[PDB]
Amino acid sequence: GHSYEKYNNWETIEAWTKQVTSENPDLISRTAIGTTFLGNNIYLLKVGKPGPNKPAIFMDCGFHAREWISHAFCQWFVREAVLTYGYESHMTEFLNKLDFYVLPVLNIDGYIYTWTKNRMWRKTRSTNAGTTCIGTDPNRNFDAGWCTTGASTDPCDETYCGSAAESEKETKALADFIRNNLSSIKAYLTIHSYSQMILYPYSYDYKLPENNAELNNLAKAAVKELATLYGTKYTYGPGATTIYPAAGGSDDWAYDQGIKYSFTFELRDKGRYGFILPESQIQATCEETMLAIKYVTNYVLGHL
């Protein structure tokens, strides 16, 4: 069964998307935006009070299979939204005024693989011509300085950029959806672990985004907000210099589509447990992360 303080396998997460939608008909709608290489449905949840011409924030989790706390966060977020709507003033305002598109798990095939075969799997599970090596790094697969730096052209490597940009059904589906909704999507938030950072563009080059001063101030405010709960310290900055240069990432691509608020979140911890973050830390991790996501949401709402 589904728990919010445990990591849930895909069958359970899928059942949950159907259940939470059924239980909250005027706050949540479910669609699928594509299928994975292995035929799983890429569900997207539209969270918000329906209305005409509403702006939106897009958030995805589970780009990378082994980053389990990411998947956990998208599920936590959805419950918080439906539990507190009508009671907590900010979330009530958020859901009245905008829609959150929440994509609980992008890389479903890899996630399943981390449950069944290899806890440390990262990439998708697509096949590659001329080799037995499996998978492409979805966050090297977007059309953003594609495969020029911090990526591999070898399918056997963890950062394989794929045979071409959007070669993966999963990344094509995500790009297609975002391209189809550019008029409404005002921010892009992509949830990863670990490192306790908020990154903004660019990672594929050392050039800075036009609005980098604003993004820096926004990230700064968001991390200090996060720290209020448990003292957790996040660093922040443009990807290339803050963590490492790397091309083909979705945050850079979304920004260059015109989504001016584009962030990669790296959640707990800083390496003690790394990707294998204890379930005992899910609640506290999600709780503090909510504060940063809500700060960003309120700021974006104030700049429409």
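Numbering starts at 1 and runs along the sequence shown.
- When the C-alpha temperature factors are averaged for each of 107-115 and 143-151, which stretch ends up with the higher value in the entry? The recorded data point to 143-151.
- Task: Averaging only over Cα atoms, indicate whether 79-87 or 119-127 has the higher B-factor in the PDB entry.
- Result: Mean CA B-factor is higher for 79-87.
- Message: By the CA temperature factor listed in this entry, which of these ranks top: 161, 187, 229, 72?
- Response: Highest C-alpha B-factor among the listed options: 229.
- Task: Please pick out which of 136, 171, 181, 193 has the largest Cα B-factor as recorded in the entry.
- Result: Among 136, 171, 181, 193, the PDB entry lists the largest C-alpha B-factor for 181.
- Query: What third of its chain's C-alpha B-factors does residue 269 belong to: lowest, middle or highest?
  - Reply: Middle third, going by the recorded CA B-factors of the chain.
- Item | CA B-factor ranking of residue 244, expressed as a third of its chain | Highest third, going by the recorded CA B-factors of the chain.
- Item | Third of the chain, ranked by Cα B-factor, where residue 206 sits | Residue 206: CA B-factor falls in the highest third of its chain.
- Task: Consider only the C-alpha atoms of the modelled residues in this chain, order them by B-factor as the entry records it, and name the third containing residue 21: lowest, middle or highest.
- Result: It falls in the middle third of the chain.
- Task: Would you mind ranking residue 54 by its C-alpha B-factor against the rest of the chain and naming the third, lowest, middle or highest?
- Result: For residue 54, the deposited C-alpha B-factor lands in the highest third.
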